[PDB]
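Chemist: Below you will find the structure I want to go over with you.
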Amino acid sequence: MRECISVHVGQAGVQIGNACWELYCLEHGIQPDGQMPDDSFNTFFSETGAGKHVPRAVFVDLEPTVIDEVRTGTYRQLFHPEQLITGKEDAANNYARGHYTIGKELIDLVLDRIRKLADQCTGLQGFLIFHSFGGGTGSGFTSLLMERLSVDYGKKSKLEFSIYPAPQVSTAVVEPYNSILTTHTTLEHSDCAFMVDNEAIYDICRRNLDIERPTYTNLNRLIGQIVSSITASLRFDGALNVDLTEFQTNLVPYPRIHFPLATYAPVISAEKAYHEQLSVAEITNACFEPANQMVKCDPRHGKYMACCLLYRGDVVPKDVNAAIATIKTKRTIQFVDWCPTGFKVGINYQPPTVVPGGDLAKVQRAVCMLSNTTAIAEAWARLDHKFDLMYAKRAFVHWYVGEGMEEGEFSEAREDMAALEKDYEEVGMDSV
Amino acid sequence: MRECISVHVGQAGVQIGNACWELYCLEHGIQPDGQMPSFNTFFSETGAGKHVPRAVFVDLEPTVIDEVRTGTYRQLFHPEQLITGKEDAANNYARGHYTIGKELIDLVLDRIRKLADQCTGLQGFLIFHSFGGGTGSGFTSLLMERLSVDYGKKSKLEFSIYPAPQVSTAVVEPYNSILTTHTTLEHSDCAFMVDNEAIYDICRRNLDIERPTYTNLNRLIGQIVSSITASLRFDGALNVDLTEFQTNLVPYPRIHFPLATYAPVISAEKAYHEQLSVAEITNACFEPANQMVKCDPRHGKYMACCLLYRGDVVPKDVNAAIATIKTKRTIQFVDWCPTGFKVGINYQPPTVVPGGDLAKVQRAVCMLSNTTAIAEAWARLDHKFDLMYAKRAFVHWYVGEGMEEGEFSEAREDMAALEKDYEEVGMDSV
Amino acid sequence: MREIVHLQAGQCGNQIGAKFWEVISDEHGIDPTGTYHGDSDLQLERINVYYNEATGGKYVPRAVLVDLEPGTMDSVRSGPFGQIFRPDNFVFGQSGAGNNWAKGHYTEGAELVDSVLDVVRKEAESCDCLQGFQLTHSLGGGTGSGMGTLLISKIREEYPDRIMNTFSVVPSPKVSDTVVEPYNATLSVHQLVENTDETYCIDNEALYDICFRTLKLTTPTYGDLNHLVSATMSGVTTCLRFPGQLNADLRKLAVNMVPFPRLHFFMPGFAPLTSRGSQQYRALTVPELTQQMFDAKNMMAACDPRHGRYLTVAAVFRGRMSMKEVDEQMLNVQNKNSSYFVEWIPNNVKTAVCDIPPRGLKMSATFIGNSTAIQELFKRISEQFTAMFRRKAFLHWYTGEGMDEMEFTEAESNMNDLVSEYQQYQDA
Amino acid sequence: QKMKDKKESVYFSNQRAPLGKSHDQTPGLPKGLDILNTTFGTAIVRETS
Amino acid sequence: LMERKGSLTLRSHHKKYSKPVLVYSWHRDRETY
Amino acid sequence: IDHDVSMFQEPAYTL
Ligand SMILES: Nc1nc2c(ncn2[C@@H]2O[C@H](COP(=O)(O)OP(=O)(O)OP(=O)(O)O)[C@@H](O)[C@H]2O)c(=O)[nH]1
Ligand SMILES: Nc1nc2c(ncn2[C@@H]2O[C@H](COP(=O)(O)OP(=O)(O)OP(=O)(O)O)[C@@H](O)[C@H]2O)c(=O)[nH]1
Ligand SMILES: Nc1nc2c(ncn2[C@@H]2O[C@H](COP(=O)(O)OP(=O)(O)O)[C@@H](O)[C@H]2O)c(=O)[nH]1
């Protein structure tokens with residue numbers, strides 16, 4: 001009896017949850033109502049004596065538009081309305097409004113709900129945080145969420161499916177300000193922060209998958225595909241089962257260095273899956289490709305520190321070992337010298353299911369990558385260059401300082417990122 | 001097991017490719033779709049039955065490849081192997097080795113590094129291009145350079161439609177050709193060569209068909225790429241892999257430019273009323289008025305030949321045919337080549353691409369022959385490059401698209417060495 | 001009255017142990033509902049070893065099955081022979097431990113080992129004459145190493161003469177299935193050297209080379225790797241459970257192996273294995289059978305014996321077999337190939353034959369080899385360790401329960417001592 | 001009318017860029033494959049266990 | 001004492017075996033057979 | 001070592 005709780009905070013977190021949860025319902029037979037027409041579902045789905053399955057999830061968001069959408073949609077009978085926590089006025093890309101003024105009002109409700117989720121479960125396994133960086137309640141409310149879950153729970157694993165603001169494309173003009181301040185609270189008790197952006201999905205949905213004009217839904221279905229592949233081993237029998245806390249203690253080499261990337265290899269259209277062979281040796285070949293990457297960064301300018309491989313479907317331990325063996329000798333991918341052979345493999349016997357109306361084919365096998373790289377320091381430094389250049393002439397500060405923030409907390413975030421820049425430099429060097 | 005990824009680059013390339021992969025499929029019984037109502041050496045496979053081919057059709061101009069992506073043979077090719085650009089190279093090499101085709105070098109090399117990953121023993125790459133074109137003389141040279149750095153010793157054979165003797169369809173042909181034969185001479189293990197004018201004549205003397213079209217000619221070229229990659233596929237007595245062609249046709253290093261000649265090129269009215277024997281077919285391959293490259297072989301010392309017989313050929317007959325050829329003194333052979341004959345024999349009879357010009361013959365012979373008579377060919381081309389370059393014409397275009405005026409002198413200079421080389425490998429032995 | 005007790009720890013240890021009770025249920029003929037449905041009387045002639053006897057006529061395997069991960073606990077419970085086990089020795093915790101070697105010994109390992117040894121004490125005092133203990137696990141995972149070595153350590157506190165027969169799984173040479181495998185290996189073998197008597201090293205890359213080349217199996221799953229491991233599992237206990245003209249239990253298979261109490265890392269092997277496409281092309285005779293025993297290809301530990309000298313060698317045998325050539329051929333493999341055996345052990349290789357075959361072949365054998373070539377398996381993993389430890393790669397997970405840098409010092413020093421012993425006796 | 005306005009708006013650039021679908025799945029696939037019930041790629045027959 | 005399930009409590013010092021099975025005392029049991 | 005060549009000789013495999 002192993003379960004973990006997924007809280008979806010922010011408008012990005014709710015819509016990812018709006019598109020990943022029906023994948024969780026389709027992977028176990030849960031209807032949109034919730035009556036199934038096997039204790040596999042008891043890791044995200046609880047049980048009612050009537051026979052109907054509530055998701056083990058709490059949706060907190062200060063903006064009432066996106067929460068009332070699922071209350072009036074086809075998932076009115078999916079979530080517990082007391083778990084569906086709405087707010088009154090949104091933080092509005094203001095960290096100081098999600099952390100100090102509006103955020104503190106709703107903490108006593110969301111933390112009481114999370115206590116109610118954890119009280120009725122015999123064995124809890126971890127936490128999945130789903131937020132973004134450029135938001136106000138996806139940046140400030142998740143800061144309160146990790147400060148209070150750390151003191152209340154402590155030694156339990158906490159994982160984040162966060163969205164990094166893109167190096168070239170942006171949504172808000174104040175995204176770097178939120179993205180330098182909400183990483184201050186992820187450097188203290190965030191155990192492993194999975195990273196993804198919004199524009200490398202665009203290149204994936206263009207080159208590998210064959211759609212132009214993608215909406216928010218196609219992005220989040222893909223994100224739902226890669227969340228499901230990571231956590232498929234908590235709910236399905238596999239040849240080499242991986243626990244949520246097992247890969248947490250070997251993907252993160254240093255407590256400051258807990259920012260792995262993500263990659264889902266067979267993102268292929270239904271037209272091309274008739275055409276190209278789908279062996280295990282080519283999907284793990286496509287994981288290392290810079291084009292098939294879920295963060296806008298170049299892996300070849302950095303060194304991989306640890307790698308996690310999460311397979312599912314019809315794979316056997318022999319040919320995955322042969323495929324890793326023949327791809328390690330490739331010189332264009334390079335590890336760091338002090339790390340030995342650092343792959344962690346995971347095998348599952350459950351193939352990925354395809355949602356109706358989706359953009360993916362029913363493939364017999366798939367693989368997920370969680371790779372912690374030194375190349376992400378380029379993304380951190382570019383965002384650092386974006387912040388200090390706009391903070392030098394003190395722009396957009398009176399909104400921040402007028403909502404319960406001191407001037408020094410921008411400074412305190414600066415040397416925190418300077419420490420987060422220097423340590424990436426101190427881990428890529430050779431050992432001698 | 002055996003695999004030959006074939007990068008078909010250029011319009012002539014993608015058109016030669018079409019005709020070639022049509023016979024390549026109508027011989028391994030693979031419908032235009034990919035599902036069959038030994039070929040792994042030229043047809044990969046999924047699971048259900050899809051025999052998706054193994055090739056990288058490339059052309060920087062979305063017209064001569066968008067038709068292959070909409071026509072009968074649509075399903076067969078994988079939408080990710082028929083790479084295409086958005087701007088032509090404008091019959092100017094400068095936009096094939098430095099600009100325009102510097103964006104597709106990644107897409108193509110990567111589609112290749114995947115077509116190979118699936119292979120287990122790639123026995124060699126077969127590029128198919130046109131010297132007189134732009135992409136044909138550009139991304140061919142570029143793909144060649146990068147391919148070598150990466151893949152490696154992997155045989156890099158080339159089937160190129162070299163500029164015809166007097167017939168041509170471009171004024172900048174001379175430049176592109178002389179410039180392409182400098183950035184390839186050192187990156188191409190071997191280079192079979194066929195000229196159009198010549199193949200037109202054969203489809204008028206032999207195959208009595210006036211008004212020939214580039215399609216009719218592409219069929220003859222296709223029935224030649226088969227008699228080279230047949231051993232790799234169909235079975236036979238003496239079989240010659242691609243590696244052997246490289247060590248049986250190229251004598252000295254730089255001098256690596258075999259010619260070509262199919263023999264039983266007959267109509268139907270004829271075929272039936274003639275005993276096409278292994279003797280008549282051999283003689284043909286050596287007769288000047290039957291060479292697929294207008295370069296009378298009578299003005300040259302055949303360096304090393306390589307007759308590849310296919311069909312119902314008894315091994316003894318070949319011995320006889322070759323012996324008689326060596327007897328005649330009309331055919332001269334360099335002294336430093338006492339032998340000079342690689343006899344290959346495959347039992348699979350030449351197939352008859354429907355609506356063609358050839359007639360189901362029970363035998364066949366393709367002789368990739370190296371003669372010192374290709375020197376004259378490059379002399380005509382060399383002359384028509386020192387004519388225009390003197391009046392520095394059409395050099396404004398090139399120097400503007402990245403190219404520097406130096407590679408022009410460097411091209412003629414390197415080619416002078418090849419025409420001086422084709423002189424020393426043809427002189428007697430004191 | 002030469003009874004031995006079974007031990008399973010870790011996911012690799014559970015699945016190997018699960019497929020062991022798949023195999024033993026064939027030669028002993030015990031069905032998945034526990035009842036005798038065999039033919040030979042020699043089959044239930046020494047069943048008291050791996051089984052205890054019956055209220056109602058069935059044979060539950062005496063196997064305490066410890067793993068803090070309950071996902072493998074119901075996976076083996078739902079298997080084809082998960083019904084034959086008893087729910088009593090299904091000891092498991094709801095909490096998880098992600099390769100936390102510190103947790104596996106001091107806080108939650110300490111709170112669970114009392115529950116585990118409450119079972120093991122019940123199965124050990126209930127027997128007429130206990131012969132020894134034996135455990136299957138992995139050196140990579142935290143439950144295979146932490147729960148594995150903690151159970152080895154606290155058993156030896158009160159059992160002076162009962163031998164410990166560990167069946168070990170070493171991380172692969174080419175790649176790893178866990179990045180912290182050198183950490184979980186080095187700390188665990190610091191307790192395996194002092195407290196164990198036989199440590200059979202199983203390597204995954206070794207099993208792949210046997211399956212791909214000799215067995216011609218293109219896609220071997222985990223139901224095939226474990227069966228080769230389970231062949232040697234039953235191979236060491238052949239004469240102990242069946243009569244032979246030269247028997248050898250585990251304990252004369254111990255004194256005949258270890259020269260000194262620290263040289264107890266062995267190479268397992270199964271001799272008569274051949275692909276299906278070539279069963280009828282190879283004659284099954286003991287001259288042909290013991291060649292495949294001694295080739296470097298059919299070795300279950302991935303380190304070449306050609307790079308060293310065999311210290312002590314045994315070969316346990318099965319089936320109606322001539323004693324002259326099994327004796328005369330093992331003359332011939334000693335003496336004509338003599339530079340790869342130590343000169344100071346003249347009568348090096350022993351035989352241990354049995355009268356009954358396994359189920360499937362007329363005569364069979366199982367290889368055990370104690371050579372000094374296995375230090376390469378330990379030299380390269382100290383190199384895999386000293387790269388991580390010089391930079392303090394993953395120390396902060398292990399210091400969660402305050403185990404210090406000082407403990408890693410003798411963890412690495414035990415290997416450098418052990419390699420220094422193996423190099424010392426390489427050259428006599 | 002917007003149902004008609006998209007019906008006369010078929011032979012457009014919306015052919016290669018529709019709303020949620022990729023581009024109509026018929027002419028690139030053989031006849032009717034029942035795309036939801038088809039499992040792409042080769043598998044192992046799993047003989048000689 | 002907390003876990004201490006009854007099947008664990010039920011221990012023994014001597015084990016019984018069936019008639020085909022060879023205990024120390026098996027020649028002792030066939031002798032009174 | 002000096003086996004008789006009048007009968008069978010028994011094999012001599014290496015490693
Ligand atoms: N992948 C993905 N990202 C989204 C989606 N919707 C919004 N985002 C991202 O979320 C960012 C906005 O920050 P949020 O945290 O969602 O906003 P918020 O904190 O809830 O505050 P409000 O926008 O006022 O509701 C944008 O930069 C987007 O990149 C989505 O549907 N999918
Ligand atoms: N053998 C053969 N030659 C051809 C064919 N089509 C064109 N050619 C020759 O190719 C020469 C020019 O080379 P091309 O490959 O057409 O030029 P290109 O640079 O590829 O043209 P673009 O790709 O459109 O820029 C012409 O002189 C033709 O004689 C063909 O189908 N078969
Ligand atoms: N031979 C074999 N090895 C296995 C099997 N299952 C897992 N392993 C090995 O066990 C290692 C991982 O150990 P793990 O299962 O994580 O240990 P645990 O977490 O403590 O239970 C891998 O290197 C695998 O090679 C199996 O069925 N057979």
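To be explicit about the labels: the chains of the structure tokens are called A, B, and onward in the order shown, and within each one the residues are counted from 1, while ligands get numbers from 1 in the order they are shown.
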Tell me, as an MDAnalysis selection string, which residues lie within 10 Å of residue 15 (chain F), counting only C-alpha atoms; anything in the same chain fewer than 2 positions away does not count.
Modeler: (chainID C and resid 291:297 305:306 333 337 340) or (chainID F and resid 13)
Chemist: Given a cut-off of 12 Å, which residues of chain C touch chain E, counting only C-alpha atoms, written out as a compact mmCIF listing (two decimals) with N, CA, C and O atoms, in the first residue's frame?
Modeler:
# COMPACT_ATOMS: atom_id res chain seq x y z
N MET C 1 18.17 -33.39 9.29
CA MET C 1 19.30 -33.31 10.21
C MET C 1 20.61 -32.81 9.57
O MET C 1 21.65 -32.81 10.23
N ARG C 2 20.56 -32.42 8.30
CA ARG C 2 21.52 -31.48 7.71
C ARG C 2 20.78 -30.34 7.06
O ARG C 2 21.06 -29.93 5.94
N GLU C 3 19.83 -29.82 7.81
CA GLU C 3 18.92 -28.80 7.34
C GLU C 3 19.62 -27.45 7.16
O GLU C 3 20.53 -27.10 7.92
N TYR C 36 2.83 -33.70 -2.70
CA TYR C 36 3.67 -34.63 -3.45
C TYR C 36 2.90 -35.21 -4.63
O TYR C 36 1.89 -35.89 -4.45
N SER C 40 9.55 -40.80 -8.10
CA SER C 40 10.66 -41.49 -7.46
C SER C 40 10.59 -41.39 -5.94
O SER C 40 10.14 -40.37 -5.40
N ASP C 41 11.03 -42.44 -5.24
CA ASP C 41 11.06 -42.39 -3.78
C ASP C 41 12.29 -41.64 -3.28
O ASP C 41 12.31 -41.14 -2.15
N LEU C 42 13.33 -41.55 -4.11
CA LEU C 42 14.55 -40.80 -3.79
C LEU C 42 14.28 -39.30 -3.80
O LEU C 42 15.12 -38.51 -3.36
N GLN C 43 13.13 -38.91 -4.33
CA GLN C 43 12.75 -37.51 -4.45
C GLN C 43 12.37 -36.94 -3.08
O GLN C 43 12.86 -35.87 -2.69
N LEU C 44 11.50 -37.64 -2.35
CA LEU C 44 11.28 -37.41 -0.92
C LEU C 44 12.08 -38.40 -0.07
O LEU C 44 11.56 -39.30 0.59
N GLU C 45 13.39 -38.17 -0.10
CA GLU C 45 14.38 -38.92 0.64
C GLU C 45 15.20 -37.97 1.51
O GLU C 45 15.72 -38.37 2.55
N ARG C 46 15.35 -36.72 1.08
CA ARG C 46 16.03 -35.70 1.88
C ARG C 46 15.33 -34.35 1.74
O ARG C 46 15.99 -33.31 1.66
N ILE C 47 14.00 -34.35 1.69
CA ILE C 47 13.23 -33.12 1.56
C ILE C 47 13.29 -32.27 2.83
O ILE C 47 13.01 -31.06 2.77
N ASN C 48 13.76 -32.83 3.94
CA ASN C 48 13.88 -32.09 5.20
C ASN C 48 14.82 -30.89 5.12
O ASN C 48 14.78 -30.02 5.99
N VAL C 49 15.68 -30.85 4.11
CA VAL C 49 16.65 -29.78 3.93
C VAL C 49 16.01 -28.44 3.63
O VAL C 49 16.15 -27.48 4.40
N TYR C 51 12.73 -27.96 3.14
CA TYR C 51 11.32 -27.97 3.51
C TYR C 51 11.14 -28.50 4.92
O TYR C 51 12.02 -29.17 5.47
N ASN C 52 9.99 -28.20 5.51
CA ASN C 52 9.55 -28.78 6.77
C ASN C 52 8.20 -29.46 6.55
O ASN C 52 7.47 -29.11 5.62
N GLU C 53 7.89 -30.44 7.40
CA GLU C 53 6.85 -31.41 7.06
C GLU C 53 5.54 -31.14 7.78
O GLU C 53 5.43 -30.24 8.62
N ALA C 54 4.58 -32.02 7.52
CA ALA C 54 3.27 -31.60 7.04
C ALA C 54 2.11 -31.92 7.97
O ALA C 54 1.92 -33.06 8.39
N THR C 55 1.31 -30.89 8.24
CA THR C 55 -0.07 -31.07 8.63
C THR C 55 -0.96 -31.03 7.39
O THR C 55 -1.16 -29.98 6.78
N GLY C 56 -1.50 -32.19 7.02
CA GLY C 56 -2.33 -32.30 5.84
C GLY C 56 -1.62 -32.71 4.57
O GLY C 56 -2.29 -32.92 3.55
N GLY C 57 -0.29 -32.83 4.58
CA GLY C 57 0.43 -33.39 3.45
C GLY C 57 0.93 -32.39 2.42
O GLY C 57 0.67 -32.56 1.23
N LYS C 58 1.66 -31.37 2.85
CA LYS C 58 2.23 -30.38 1.95
C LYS C 58 3.54 -29.83 2.50
O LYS C 58 3.86 -30.00 3.67
N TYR C 59 4.30 -29.16 1.64
CA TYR C 59 5.68 -28.80 1.96
C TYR C 59 5.91 -27.32 1.67
O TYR C 59 6.30 -26.92 0.57
N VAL C 64 12.20 -17.24 4.92
CA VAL C 64 11.85 -15.90 5.35
C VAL C 64 12.13 -14.94 4.20
O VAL C 64 13.15 -15.05 3.51
N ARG C 86 4.36 -19.54 3.16
CA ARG C 86 3.52 -19.22 4.31
C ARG C 86 3.46 -17.71 4.52
O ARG C 86 4.45 -17.00 4.30
N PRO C 87 2.29 -17.17 4.86
CA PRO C 87 2.20 -15.71 5.07
C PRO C 87 2.93 -15.23 6.31
O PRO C 87 3.12 -14.02 6.47
N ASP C 88 3.32 -16.15 7.19
CA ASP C 88 3.97 -15.77 8.44
C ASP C 88 5.31 -15.09 8.21
O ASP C 88 5.58 -14.04 8.79
N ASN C 89 6.17 -15.68 7.37
CA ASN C 89 7.49 -15.12 7.11
C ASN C 89 7.48 -14.11 5.97
O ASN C 89 8.54 -13.81 5.41
N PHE C 90 6.31 -13.59 5.63
CA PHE C 90 6.20 -12.41 4.78
C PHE C 90 6.41 -11.16 5.63
O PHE C 90 5.48 -10.42 5.95
N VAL C 91 7.66 -10.94 6.03
CA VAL C 91 8.01 -9.78 6.84
C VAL C 91 8.39 -8.63 5.92
O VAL C 91 9.25 -8.76 5.04
N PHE C 92 7.70 -7.50 6.08
CA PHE C 92 7.89 -6.34 5.22
C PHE C 92 7.31 -5.12 5.91
O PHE C 92 6.38 -5.23 6.71
N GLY C 93 7.88 -3.97 5.60
CA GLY C 93 7.43 -2.70 6.15
C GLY C 93 6.76 -1.87 5.07
O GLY C 93 7.11 -1.97 3.89
N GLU C 111 14.98 -1.35 13.59
CA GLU C 111 13.61 -1.59 14.00
C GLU C 111 12.95 -2.72 13.23
O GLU C 111 11.89 -3.20 13.65
N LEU C 112 13.55 -3.17 12.13
CA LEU C 112 12.99 -4.27 11.36
C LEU C 112 13.73 -5.58 11.56
O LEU C 112 13.12 -6.64 11.41
N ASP C 114 14.74 -6.96 14.24
CA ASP C 114 14.14 -7.69 15.35
C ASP C 114 12.93 -8.49 14.89
O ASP C 114 12.69 -9.60 15.36
N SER C 115 12.15 -7.91 13.97
CA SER C 115 11.01 -8.64 13.42
C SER C 115 11.48 -9.77 12.51
O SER C 115 10.86 -10.85 12.47
N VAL C 116 12.55 -9.55 11.75
CA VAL C 116 13.04 -10.56 10.82
C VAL C 116 13.68 -11.73 11.57
O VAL C 116 13.39 -12.89 11.27
N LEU C 117 14.54 -11.44 12.54
CA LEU C 117 15.16 -12.51 13.31
C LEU C 117 14.22 -13.16 14.31
O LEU C 117 14.57 -14.19 14.87
N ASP C 118 13.04 -12.58 14.54
CA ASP C 118 12.02 -13.30 15.28
C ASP C 118 11.48 -14.47 14.47
O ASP C 118 10.92 -15.42 15.03
N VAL C 119 11.64 -14.42 13.15
CA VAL C 119 11.19 -15.48 12.25
C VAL C 119 12.31 -16.49 12.11
O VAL C 119 12.09 -17.70 12.16
N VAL C 120 13.53 -15.97 11.91
CA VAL C 120 14.69 -16.81 11.66
C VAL C 120 15.02 -17.66 12.88
O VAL C 120 15.44 -18.81 12.77
N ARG C 121 14.82 -17.09 14.08
CA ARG C 121 15.02 -17.86 15.30
C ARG C 121 14.02 -19.01 15.40
O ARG C 121 14.36 -20.09 15.88
N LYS C 122 12.79 -18.78 14.94
CA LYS C 122 11.78 -19.83 14.96
C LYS C 122 12.15 -20.98 14.02
O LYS C 122 11.94 -22.15 14.35
N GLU C 123 12.70 -20.66 12.86
CA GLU C 123 13.04 -21.68 11.87
C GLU C 123 14.39 -22.33 12.11
O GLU C 123 14.75 -23.26 11.38
N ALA C 124 15.15 -21.87 13.10
CA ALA C 124 16.47 -22.43 13.37
C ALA C 124 16.51 -23.33 14.60
O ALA C 124 17.24 -24.32 14.60
N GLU C 125 15.75 -23.00 15.64
CA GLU C 125 15.70 -23.83 16.84
C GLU C 125 14.75 -25.01 16.70
O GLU C 125 14.68 -25.84 17.60
N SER C 126 14.03 -25.09 15.58
CA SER C 126 13.02 -26.12 15.35
C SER C 126 13.57 -27.30 14.56
O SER C 126 12.79 -28.11 14.05
N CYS C 127 14.89 -27.43 14.45
CA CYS C 127 15.50 -28.42 13.60
C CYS C 127 16.52 -29.24 14.38
O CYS C 127 17.08 -28.76 15.37
N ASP C 128 16.73 -30.48 13.94
CA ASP C 128 17.55 -31.43 14.70
C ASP C 128 19.02 -31.03 14.67
O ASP C 128 19.68 -31.01 15.72
N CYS C 129 19.55 -30.70 13.49
CA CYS C 129 20.95 -30.29 13.38
C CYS C 129 21.04 -29.32 12.20
O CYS C 129 21.07 -29.74 11.04
N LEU C 130 21.08 -28.03 12.51
CA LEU C 130 21.19 -27.00 11.48
C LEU C 130 22.57 -27.05 10.83
O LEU C 130 23.59 -27.05 11.52
N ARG C 241 21.15 -33.37 -0.69
CA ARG C 241 19.76 -33.80 -0.79
C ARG C 241 19.57 -35.12 -1.51
O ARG C 241 18.44 -35.61 -1.58
N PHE C 242 20.61 -35.69 -2.10
CA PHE C 242 20.48 -36.96 -2.79
C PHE C 242 21.72 -37.81 -2.58
O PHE C 242 22.82 -37.28 -2.39
Chemist: Only residues of chain D matter here; which ones have an atom within 12 Å of chain B, counting only C-alpha atoms? Give them as a list in words.
Modeler: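 Listed by rising number, the hits are residues 26, 27, 28, 29, 30, 31, 33, 38, 39, 40, 41, 42, 43, 44 and 45 of chain D.
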Chemist: Can you write out the residues you just picked, keeping N, CA and C atoms, as a compact mmCIF listing (two decimals), in the first residue's frame?
Modeler:
# COMPACT_ATOMS: atom_id res chain seq x y z
N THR D 26 -6.02 9.88 -43.48
CA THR D 26 -6.34 8.85 -44.47
C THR D 26 -5.25 8.59 -45.50
N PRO D 27 -4.75 9.56 -46.28
CA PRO D 27 -3.94 9.18 -47.45
C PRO D 27 -2.50 8.79 -47.13
N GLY D 28 -2.05 8.96 -45.89
CA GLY D 28 -0.74 8.50 -45.48
C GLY D 28 -0.73 7.15 -44.81
N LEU D 29 -1.89 6.51 -44.66
CA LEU D 29 -2.01 5.24 -43.97
C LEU D 29 -2.85 4.30 -44.83
N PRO D 30 -2.62 2.99 -44.79
CA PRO D 30 -3.33 2.08 -45.70
C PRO D 30 -4.77 1.83 -45.25
N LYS D 31 -5.71 2.39 -46.01
CA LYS D 31 -7.15 2.21 -45.83
C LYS D 31 -7.62 2.56 -44.42
N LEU D 33 -7.14 1.65 -40.62
CA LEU D 33 -6.29 0.91 -39.70
C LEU D 33 -6.86 0.83 -38.29
N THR D 38 -4.41 0.00 -32.85
CA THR D 38 -3.27 -0.52 -33.59
C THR D 38 -2.00 -0.22 -32.80
N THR D 39 -1.10 -1.19 -32.75
CA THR D 39 0.02 -1.15 -31.80
C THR D 39 1.29 -1.20 -32.65
N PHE D 40 1.89 -0.03 -32.87
CA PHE D 40 2.95 0.13 -33.86
C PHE D 40 4.29 -0.40 -33.35
N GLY D 41 5.08 -0.91 -34.29
CA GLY D 41 6.40 -1.44 -33.99
C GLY D 41 6.42 -2.96 -33.91
N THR D 42 7.62 -3.52 -34.05
CA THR D 42 7.75 -4.97 -33.98
C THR D 42 7.79 -5.43 -32.52
N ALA D 43 7.45 -6.69 -32.32
CA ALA D 43 7.50 -7.32 -31.01
C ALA D 43 8.23 -8.65 -31.14
N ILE D 44 8.52 -9.25 -29.99
CA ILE D 44 9.22 -10.53 -29.92
C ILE D 44 8.19 -11.63 -29.71
N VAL D 45 8.30 -12.71 -30.49
CA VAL D 45 7.36 -13.82 -30.37
C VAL D 45 7.52 -14.57 -29.06
Chemist: Can you tell me which residues sit at most 6 Å away from ligand 1, counting only C-alpha atoms and all ligand atoms, written as a VMD selection string?
Modeler: chain A and resid 10 to 12 15 to 16 63 90 92 to 93 132 134 to 138 171 198 216 219 to 220
Chemist: Export, as a PDB file, in the first residue's frame, the selected residues with C-alpha atoms.
Modeler:
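Everything below was put into again23.pdb:
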ATOM      1  CA  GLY A  10      -1.048  27.890 -10.233  1.00  0.00           C
ATOM      2  CA  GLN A  11      -2.958  28.263 -13.487  1.00  0.00           C
ATOM      3  CA  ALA A  12      -0.261  26.279 -15.290  1.00  0.00           C
ATOM      4  CA  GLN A  15      -4.247  22.956 -16.655  1.00  0.00           C
ATOM      5  CA  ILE A  16      -1.426  20.427 -16.564  1.00  0.00           C
ATOM      6  CA  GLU A  63      -7.620  32.924  -9.641  1.00  0.00           C
ATOM      7  CA  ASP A  90      -4.978  36.368  -7.778  1.00  0.00           C
ATOM      8  CA  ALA A  92      -1.067  38.533 -10.626  1.00  0.00           C
ATOM      9  CA  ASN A  93       2.607  37.653 -11.364  1.00  0.00           C
ATOM     10  CA  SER A 132       5.417  27.224 -12.917  1.00  0.00           C
ATOM     11  CA  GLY A 134       6.525  33.149 -14.068  1.00  0.00           C
ATOM     12  CA  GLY A 135       3.218  33.190 -12.214  1.00  0.00           C
ATOM     13  CA  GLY A 136       2.124  34.840  -9.011  1.00  0.00           C
ATOM     14  CA  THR A 137       0.440  31.918  -7.292  1.00  0.00           C
ATOM     15  CA  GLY A 138       2.594  29.460  -9.210  1.00  0.00           C
ATOM     16  CA  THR A 171       4.492  35.531 -21.411  1.00  0.00           C
ATOM     17  CA  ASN A 198       7.250  26.025 -22.980  1.00  0.00           C
ATOM     18  CA  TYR A 216      -2.275  24.618 -24.403  1.00  0.00           C
ATOM     19  CA  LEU A 219       1.522  20.778 -24.470  1.00  0.00           C
ATOM     20  CA  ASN A 220      -0.084  19.473 -21.284  1.00  0.00           C
TER      21      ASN A 220
END
